[PDB]
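Please read the structure below before turning to the comments.
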Amino acid sequence: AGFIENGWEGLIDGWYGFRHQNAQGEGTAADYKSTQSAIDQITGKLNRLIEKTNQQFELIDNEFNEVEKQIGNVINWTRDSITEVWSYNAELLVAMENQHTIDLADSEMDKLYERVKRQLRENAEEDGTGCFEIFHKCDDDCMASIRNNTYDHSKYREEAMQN
Amino acid sequence: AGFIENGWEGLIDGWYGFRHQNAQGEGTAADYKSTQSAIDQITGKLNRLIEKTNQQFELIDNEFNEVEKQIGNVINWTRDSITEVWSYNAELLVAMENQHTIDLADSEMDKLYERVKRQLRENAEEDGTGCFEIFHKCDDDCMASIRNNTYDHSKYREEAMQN
Amino acid sequence: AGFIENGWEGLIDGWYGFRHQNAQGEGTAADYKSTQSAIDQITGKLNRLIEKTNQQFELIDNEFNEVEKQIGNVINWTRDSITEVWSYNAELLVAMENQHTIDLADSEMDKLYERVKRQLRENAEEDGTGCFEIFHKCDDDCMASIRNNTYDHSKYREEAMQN
Amino acid sequence: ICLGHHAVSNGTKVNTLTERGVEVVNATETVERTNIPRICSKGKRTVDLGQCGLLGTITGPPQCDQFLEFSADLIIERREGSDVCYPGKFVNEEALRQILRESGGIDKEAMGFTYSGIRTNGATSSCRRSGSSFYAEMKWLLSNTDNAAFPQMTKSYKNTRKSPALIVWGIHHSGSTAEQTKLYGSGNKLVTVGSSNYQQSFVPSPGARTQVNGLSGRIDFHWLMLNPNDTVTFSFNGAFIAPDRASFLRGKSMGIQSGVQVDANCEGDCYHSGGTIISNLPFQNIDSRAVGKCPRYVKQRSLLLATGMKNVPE
Amino acid sequence: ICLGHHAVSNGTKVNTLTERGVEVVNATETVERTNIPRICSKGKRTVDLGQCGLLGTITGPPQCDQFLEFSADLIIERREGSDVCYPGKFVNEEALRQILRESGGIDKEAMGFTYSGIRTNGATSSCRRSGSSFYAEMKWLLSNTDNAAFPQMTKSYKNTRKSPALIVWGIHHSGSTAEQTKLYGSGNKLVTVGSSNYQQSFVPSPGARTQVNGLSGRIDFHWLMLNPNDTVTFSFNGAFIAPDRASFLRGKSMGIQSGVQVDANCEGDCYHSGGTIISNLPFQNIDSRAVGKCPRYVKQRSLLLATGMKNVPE
Amino acid sequence: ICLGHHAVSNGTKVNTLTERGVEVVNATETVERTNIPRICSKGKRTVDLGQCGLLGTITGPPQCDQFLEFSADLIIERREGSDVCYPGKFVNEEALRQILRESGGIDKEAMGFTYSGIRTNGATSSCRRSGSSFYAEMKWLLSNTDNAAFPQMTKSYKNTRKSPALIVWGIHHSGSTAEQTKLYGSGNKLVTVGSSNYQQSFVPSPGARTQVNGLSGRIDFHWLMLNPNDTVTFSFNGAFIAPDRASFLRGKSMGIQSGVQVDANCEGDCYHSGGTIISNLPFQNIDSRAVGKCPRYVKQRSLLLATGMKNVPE
Ligand SMILES: *[C@@H]1O[C@H](CO)[C@@H](O)[C@H](O)[C@H]1NC(C)=O
Ligand SMILES: *[C@@H]1O[C@H](CO)[C@@H](O)[C@H](O)[C@H]1NC(C)=O
Ligand SMILES: *[C@@H]1O[C@H](CO)[C@@H](O)[C@H](O)[C@H]1NC(C)=O
Ligand SMILES: *[C@@H]1O[C@H](CO)[C@@H](O)[C@H](O)[C@H]1NC(C)=O
Ligand SMILES: *[C@@H]1O[C@H](CO)[C@@H](O)[C@H](O)[C@H]1NC(C)=O
Ligand SMILES: *[C@@H]1O[C@H](CO)[C@@H](O)[C@H](O)[C@H]1NC(C)=O
Ligand SMILES: *[C@@H]1O[C@H](CO)[C@@H](O)[C@H](O)[C@H]1NC(C)=O
Ligand SMILES: *[C@@H]1O[C@H](CO)[C@@H](O)[C@H](O)[C@H]1NC(C)=O
Ligand SMILES: *[C@@H]1O[C@H](CO)[C@@H](O)[C@H](O)[C@H]1NC(C)=O
């Protein structure tokens, strides 16, 4: 989400995808692998945080008949201290998990971009805004081979090389 | 801060910058965008940590007339436990925040380097030590266009390509 | 550990290394720098976590002659609360440290790959699976110069360039 | 061919380590706030004490007649409950309450106390049953006639079980010295209770108190836990409410204080006075004094966890 | 054209998860250590008790004559303060102290106790005012002449307000039995105090103690919180320090123990015995028993937070 | 030329923030579970009380005769230890125990109490030495002959040191009123103890108790800490166990309860009833009530820390 200026509101099929415009027409598709990886890691993070505590705490005060004032002030003091501890732990936990989540999604996008660059060696150039400027008409079946990770790195080499 | 051997002590205008030497002369400038982003994130981290607690804790012991020894030992025991908890939380908090800060600055530098490589496609090469070996005399106004992110990727293409 | 399909079980000399096959024969070697950096950071993490607490806690209960039931239930209540706090802190600590460790190793591998690409500018290509497809017979002494970071970027330039 | 990510029109603002208000795609809640205003007791043996007080289940006032040998996994106290019919007070109230909340119920058994030359059926107007009665588990020890003396008696009981027993006796503080002499006789009275862990020292104190239920006298209940095979002894010369039956804890249970209804249609392990907290979230902002297996209470009303990528719209 | 980052000659060493001593550019402190040796009470109603003890404000020794109806947001106790003029001691000291620290002040009102046939003005040398006086809020109940008897009296007071009242009475323990008979008369004395939540049982104990202020007698002060519309009752036959006026809590306040000066030029919400902690940092290493709205105390003297990039000099 | 990383055949599964069971190369343990079933006391002055109870070291029963002036850095209590020879009980037991555990030992010194007209050597069968003896640090104060009266005496002691003193006296509760009159005389008995911080009020209570060691009487031990230069006073007319010598704390020590053997071959700073925890790990799962310098107890049995890269085999 850096050098890519903004996200695609029309992309409702997944989290990441390809938007191609050649000589045949326009199209948008979703990359199942990176999206499923991201939602798998975030889903596992949720499942790790959505934990049920198996520790039982009994009643230590009394709402109907107040306990003695000294031991009651000690109980309230300890309970307030623990409350501060858990408020801090919750704040820091949520903040850190959100940071690692956002940077995780950015890492997934960056790795998808890097591998798409790994497929197209010298047959295409980079523009700087997350696009791959092609120098050989790539047919819709050729771009479908790009999405399927089956693009031959050398059967379009010289053609897109002399341009 | 990896393959870049060391920092520039003379760079007093910002955190990141360009040091160019062509055919016209020498010069150093600062990149306002990446530096302002880094100091914005670190500044926001400070503002997130420099928080004032709105929870009031009352006096539970007595310095002039010591309370009973049993309840006093319980109070000291609980207070020492909470003290250990907050010492641990402070140590871990500072350590993690420092780690994420350093790696954040390294990420900002790496992204600046990556985008400067995104501007210069085939008109220049990479040396390995954070420099861009140019193969066309680039004028001082051309390097000023590099810093302003206005370098035309194709109006110097063949000239720096046949070298 | 991403676009590299799997690890090398035969690599028993270090954590990262080079496996080269040219015209002379086969071979595997270990990169001392990246491995020593990784084990230095992880070792320092262990030394930071393997800390001895200098805080002494005295006996507050009594196993042979049970204390009064009210103050005993308060003591058990506080001790159980602190136990929950330290269980949570231990779980989160171990999880976060493991995450940062794995991503740290992945970062070291990625930086080694990136610097090996920094050595070989236009004299070789990238395949996409963590290999460097050479286009000039590189002798075993040439690959030993690659591992020693002494490969001349231009004395094999045109030869591997016209291929 | 270009690459990109998905976005939405209206995102969800979350907080991170660096900024506060970063708009992402999807985010879930981690702090529970929804509360069910009922006591979810599905699949649990539940005893709603109602007008009966917890401690009363050991002494047995009229309102506790149907709770003398209860058994439950969850015990519910009500603010209208009362431990006493005759005006009085327990010593170490909350200790015995906390003991009885996790007892799993009580099991009474006659201690076998026979008396010779002493009237044993003392009653009062405030302990109404068919007429004037007393605690169903206690014996108000008085003199034979409207006066005469009280013999300095001693009675012992050996815990013949494998679990500790709950021993509860009473010390009657009359409305005046003349009434103490009328019920037991003149002279200083003493009640001694002894065992291996207990060793205590009672003496009545007659006087005038506020008219609770139209009465000025008081009765102070005391208790001790008797270890197996160990004997408890009493040496008293008057002003004594003797125990008829001893109590034995059945097992484990849960004790809560609430004012909402019981509902066997929902199940929950986190209770407070306003209901049940049924949630999988790790935190809650309902009641700090919630008991059971609860999410840990925090002060924040909400803490949004980012479940999606950062939202960057056009 | 080359790219690079900034550096400095002398960096700041910080600690991370991987190493200890990583030199970075800039770093700030997170553990507070600077302490102001004053009580910053700017904009707060402050009462410096000084030589007056906190509990004394309810009984009223001479040194507390100007604190009988104080009102404050911050209460400061001094180690030279004393609760008593006549040598004595409060029962449940720290409980009543903790109650009075957050009370926002006290509000006295005469309880309306009239006596018939009993001398009401007992004084002592240690409670000096114009001559020999006593507690300004208490009445030392004695016999009419140098002897005769003490009638077994009973007096009641109904809390006619909406907030609980603070009831404090006294039990005089004379220097000898002959002096107890000289002040009240022979025979066993009893003081009974009763209400809906209270039910207690006093009896004097004459004897010789250490000469504090040149005196061997003692006075034990007791207290209870009376709920609205509920009545407190006393049945006593001698050795009684009766309450003249009852106390009512004004609101909320803060109570600290300190030995430094009051300074209305600075504002602070974190106090300890050595002064005020005015800091925005999340942690502090001054006093673990600091009270108010304080940074959380840690054991580490310093914890440097990295605010800049790693420093790599040439 | 290709690049790659190392792997293994059988990795170690660890848990992270995203998944649970990620197989890595190497992983170490962070939760300690190995326990040494001994008391590692290498280089520490150790006192194994054995059959002697801790509190007994102040009163001095026979089994504590060799512990009257002990000195240690580590104190070990045994479940077979006993504080008393004559059947009795301390008031504020665990407070005095916690005081004596960190005292570094005790130092006795004769208080200098001389008596005139009162028999001072009272003994019992259960306190066996050469014949019938008593507490080595106490004096059972009785009447001259088998009856007569007990003069109302008063004795004082001034703490002439720089550290607080431990003052322990006794209140004898006889088996019957006739035995109390036989040992001290008829009439109400009182024992008054006074100082600057103490002010208390004892009175015996004769009666029958359970036959512990074949005896029905009891002795209640009481204590107070006397500040330097401050005087403690006693005014008693019978039923008094007087202190012979006062105790002074030596310094600092550690007190544990254990049932395992002492071993001077290993060193450890974390102790529990089952032994010593010698570990560098930050957490432990042995005993939650472990004392000393211990790893912090957690509920998890194991928590594997990843020390290597993720393991991806072919
Ligand atoms: C503890 O706090 C509660 C409020 O949650 C309050 O009702 C109670 O009175 C406090 N305890 C004491 C002893 O004041
Ligand atoms: C608690 O610790 C303080 C030192 O901060 C000490 O003065 C006090 O005596 C301790 N409490 C008891 C009951 O010993
Ligand atoms: C506290 O827990 C222990 C078990 O570790 C138990 O033996 C003890 O009885 C509990 N305390 C009370 C007062 O029940
Ligand atoms: C968004 O998060 C909520 C949290 O429970 C989840 O139920 C929902 O399915 C999520 N939606 C998407 C599109 O991820
Ligand atoms: C209890 O006493 C009986 C008979 O005196 C004996 O058979 C039994 O073993 C004893 N049990 C224990 C636990 O002491
Ligand atoms: C360094 O950090 C301190 C922390 O308060 C700040 O005041 C100062 O402005 C910072 N300086 C730079 C150059 O970042
Ligand atoms: C208190 O009593 C008065 C008169 O007896 C009555 O008017 C008032 O409603 C009562 N208030 C409460 C809270 O009981
Ligand atoms: C694996 O970790 C353990 C942890 O103590 C260590 O002793 C061992 O040397 C490590 N081995 C390798 C190959 O890293
Ligand atoms: C204790 O008293 C002695 C003599 O009365 C005196 O010399 C000494 O200074 C006093 N010490 C203290 C601490 O009061």
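By order in the structure tokens, chains are A, B, ...; within a chain, residues start at 1; ligands start at 1, following the order shown.
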Can you pull out the residues contacting residue 241 of chain D? Cut-off 9 Å, using only C-alpha atoms, and skip same-chain residues under 4 positions away; I want them as number ranges by chain. D: 138-142, 169-172, 219, 221
Keeping C-alpha atoms, export the residues of the selection given above as an mmCIF file, in the first residue's frame.
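again-v4.cif, freshly written:
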```cif
data_model
loop_
_atom_site.group_PDB
_atom_site.id
_atom_site.type_symbol
_atom_site.label_atom_id
_atom_site.label_comp_id
_atom_site.auth_asym_id
_atom_site.auth_seq_id
_atom_site.Cartn_x
_atom_site.Cartn_y
_atom_site.Cartn_z
ATOM 1 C CA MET D 138 -30.103 -25.235 67.326
ATOM 2 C CA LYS D 139 -31.293 -25.797 70.899
ATOM 3 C CA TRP D 140 -31.899 -22.755 73.106
ATOM 4 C CA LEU D 141 -30.613 -24.023 76.457
ATOM 5 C CA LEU D 142 -32.569 -22.515 79.366
ATOM 6 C CA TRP D 169 -23.007 -22.579 68.461
ATOM 7 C CA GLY D 170 -24.638 -19.471 69.886
ATOM 8 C CA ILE D 171 -24.107 -16.976 72.690
ATOM 9 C CA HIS D 172 -27.323 -15.297 73.836
ATOM 10 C CA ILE D 219 -27.689 -14.066 69.588
ATOM 11 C CA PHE D 221 -23.330 -17.339 66.282
#
```
Could you work out which residues of chain C fall inside 10 Å of chain E? Count only C-alpha atoms, and format the result as a ChimeraX atom specification. /C:40-49,55,97,100-101
Include N, CA and C atoms and write out the residues we just selected as a compact mmCIF listing (two decimals), in the first residue's frame.
```txt
# COMPACT_ATOMS: atom_id res chain seq x y z
N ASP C 40 23.80 -14.48 16.05
CA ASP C 40 24.16 -13.45 17.02
C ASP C 40 22.91 -12.74 17.54
N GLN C 41 21.97 -12.42 16.65
CA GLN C 41 20.75 -11.75 17.09
C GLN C 41 19.87 -12.69 17.92
N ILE C 42 19.72 -13.94 17.48
CA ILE C 42 18.92 -14.89 18.25
C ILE C 42 19.60 -15.22 19.57
N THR C 43 20.93 -15.36 19.56
CA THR C 43 21.67 -15.60 20.79
C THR C 43 21.49 -14.45 21.77
N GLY C 44 21.57 -13.21 21.27
CA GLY C 44 21.32 -12.06 22.13
C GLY C 44 19.90 -12.00 22.64
N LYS C 45 18.94 -12.47 21.84
CA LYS C 45 17.56 -12.56 22.31
C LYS C 45 17.44 -13.55 23.46
N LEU C 46 18.09 -14.71 23.33
CA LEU C 46 18.11 -15.68 24.42
C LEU C 46 18.73 -15.07 25.67
N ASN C 47 19.90 -14.43 25.52
CA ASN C 47 20.57 -13.82 26.67
C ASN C 47 19.73 -12.72 27.29
N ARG C 48 18.88 -12.06 26.50
CA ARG C 48 17.98 -11.06 27.06
C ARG C 48 16.81 -11.69 27.81
N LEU C 49 16.35 -12.86 27.36
CA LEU C 49 15.25 -13.54 28.03
C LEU C 49 15.69 -14.44 29.19
N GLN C 55 14.64 -9.98 42.77
CA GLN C 55 13.62 -9.61 43.74
C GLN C 55 13.23 -10.84 44.56
N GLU C 97 8.15 -13.27 20.29
CA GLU C 97 9.57 -13.53 20.05
C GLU C 97 9.77 -14.56 18.95
N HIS C 100 9.02 -12.73 15.54
CA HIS C 100 10.13 -11.86 15.15
C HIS C 100 11.37 -12.67 14.81
N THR C 101 11.54 -13.85 15.41
CA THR C 101 12.68 -14.69 15.07
C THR C 101 12.55 -15.25 13.66
```
Could you list, as a VMD selection string, all the residues within 12 Å of ligand 9, counting only C-alpha atoms and all ligand atoms? chain F and resid 158 to 164 227 to 231
Those residues with C-alpha atoms, as a CSV table (one decimal), in the first residue's frame please?
```csv
chain,number,residue,atom,x,y,z
F,158,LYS,CA,12.8,-0.2,79.3
F,159,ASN,CA,14.2,-1.2,75.9
F,160,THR,CA,17.8,-0.1,76.5
F,161,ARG,CA,19.0,-1.0,72.9
F,162,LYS,CA,18.8,0.5,69.5
F,163,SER,CA,16.6,-2.1,67.9
F,164,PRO,CA,13.0,-3.1,68.8
F,227,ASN,CA,10.6,0.6,70.3
F,228,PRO,CA,14.0,1.8,71.6
F,229,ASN,CA,14.0,3.8,74.9
F,230,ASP,CA,10.3,3.0,75.3
F,231,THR,CA,9.1,1.2,78.4
```
Using only C-alpha atoms, which residues sit within 7 Å of segment 20-34 of chain A once same-chain residues fewer than 4 positions away are excluded, as a ChimeraX atom specification? /A:13-14,16,38,108,112,137-140 /D:1-2
Save out the residues we just selected, N, CA and C atoms, as a PDB file, in the first residue's frame.
```pdb
ATOM      1  N   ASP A  13     -13.607  -9.660  -5.419  1.00  0.00           N
ATOM      2  CA  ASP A  13     -13.348 -11.091  -5.453  1.00  0.00           C
ATOM      3  C   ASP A  13     -12.263 -11.529  -4.474  1.00  0.00           C
ATOM      4  N   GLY A  14     -11.419 -10.613  -4.026  1.00  0.00           N
ATOM      5  CA  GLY A  14     -10.380 -10.965  -3.086  1.00  0.00           C
ATOM      6  C   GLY A  14      -9.692  -9.739  -2.532  1.00  0.00           C
ATOM      7  N   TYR A  16      -6.085  -9.194  -3.144  1.00  0.00           N
ATOM      8  CA  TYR A  16      -5.129  -8.806  -4.168  1.00  0.00           C
ATOM      9  C   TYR A  16      -5.579  -9.378  -5.505  1.00  0.00           C
ATOM     10  N   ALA A  38      -2.989 -14.444   3.446  1.00  0.00           N
ATOM     11  CA  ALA A  38      -3.211 -13.324   4.356  1.00  0.00           C
ATOM     12  C   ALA A  38      -4.373 -13.605   5.303  1.00  0.00           C
ATOM     13  N   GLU A 108       2.571  -9.127   2.117  1.00  0.00           N
ATOM     14  CA  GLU A 108       1.976 -10.043   1.147  1.00  0.00           C
ATOM     15  C   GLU A 108       1.854  -9.384  -0.223  1.00  0.00           C
ATOM     16  N   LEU A 112       3.788 -10.583  -3.643  1.00  0.00           N
ATOM     17  CA  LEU A 112       3.098 -10.853  -4.902  1.00  0.00           C
ATOM     18  C   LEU A 112       3.703 -10.036  -6.037  1.00  0.00           C
ATOM     19  N   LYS A 137       2.878  -7.476 -27.376  1.00  0.00           N
ATOM     20  CA  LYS A 137       1.426  -7.552 -27.266  1.00  0.00           C
ATOM     21  C   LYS A 137       1.479  -8.875 -26.512  1.00  0.00           C
ATOM     22  N   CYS A 138       0.851  -8.919 -25.338  1.00  0.00           N
ATOM     23  CA  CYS A 138       0.506 -10.144 -24.628  1.00  0.00           C
ATOM     24  C   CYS A 138      -0.992 -10.403 -24.736  1.00  0.00           C
ATOM     25  N   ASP A 139      -1.350 -11.540 -25.328  1.00  0.00           N
ATOM     26  CA  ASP A 139      -2.743 -11.919 -25.504  1.00  0.00           C
ATOM     27  C   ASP A 139      -3.397 -12.197 -24.150  1.00  0.00           C
ATOM     28  N   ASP A 140      -4.735 -12.200 -24.146  1.00  0.00           N
ATOM     29  CA  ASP A 140      -5.474 -12.513 -22.926  1.00  0.00           C
ATOM     30  C   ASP A 140      -5.114 -13.889 -22.386  1.00  0.00           C
TER      31      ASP A 140
ATOM     32  N   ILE D   1       0.151  -4.839 -17.552  1.00  0.00           N
ATOM     33  CA  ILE D   1      -0.593  -5.442 -16.454  1.00  0.00           C
ATOM     34  C   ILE D   1      -0.194  -4.799 -15.128  1.00  0.00           C
ATOM     35  N   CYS D   2      -1.187  -4.309 -14.393  1.00  0.00           N
ATOM     36  CA  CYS D   2      -0.974  -3.640 -13.119  1.00  0.00           C
ATOM     37  C   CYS D   2      -1.413  -4.535 -11.968  1.00  0.00           C
TER      38      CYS D   2
END
```
Contacts to ligand 1 at 6 Å cut-off (only C-alpha atoms and all ligand atoms) as a PyMOL selection string: chain A and resi 69+72-73+76
Those selected residues, please, written with N, CA and C atoms and delivered as a short mmCIF file (atom, residue, chain, number, x, y, z; two decimals), in the first residue's frame.
```
data_model
loop_
_atom_site.label_atom_id
_atom_site.label_comp_id
_atom_site.auth_asym_id
_atom_site.auth_seq_id
_atom_site.Cartn_x
_atom_site.Cartn_y
_atom_site.Cartn_z
N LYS A 69 -13.91 -2.51 56.53
CA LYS A 69 -13.47 -1.41 55.68
C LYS A 69 -12.00 -1.54 55.30
N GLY A 72 -11.58 -4.41 52.92
CA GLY A 72 -12.28 -4.00 51.72
C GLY A 72 -11.47 -3.02 50.89
N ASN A 73 -10.78 -2.08 51.55
CA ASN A 73 -9.92 -1.16 50.83
C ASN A 73 -8.70 -1.87 50.25
N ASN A 76 -10.17 -3.67 47.12
CA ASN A 76 -10.38 -2.70 46.05
C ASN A 76 -9.06 -2.21 45.47
#
```
Might you pull out every residue within 9 Å of residue 85 of chain A, with only C-alpha atoms counted and same-chain residues fewer than 5 positions away left off, and present them as a PyMOL selection string? (chain A and resi 80+90) or (chain B and resi 82+85-86) or (chain C and resi 85) or (chain D and resi 298)
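Atom CA of residue 42 of chain E lies 18.4 Å from atom CA of residue 54 of chain B.
Atom CA of residue 67 of chain B to atom CA of residue 68 of chain F spans 28.4 Å [interatomic distance, one decimal].
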Would you pick out the contacts of segment 147-151 of chain D at 10 Å or less, using only C-alpha atoms, so that residues sharing its chain but fewer than 2 positions from it are not included, and give the list as an NGL selection string? :D and (116-119 or 141-145 or 153-154 or 179-187 or 189 or 236-239)
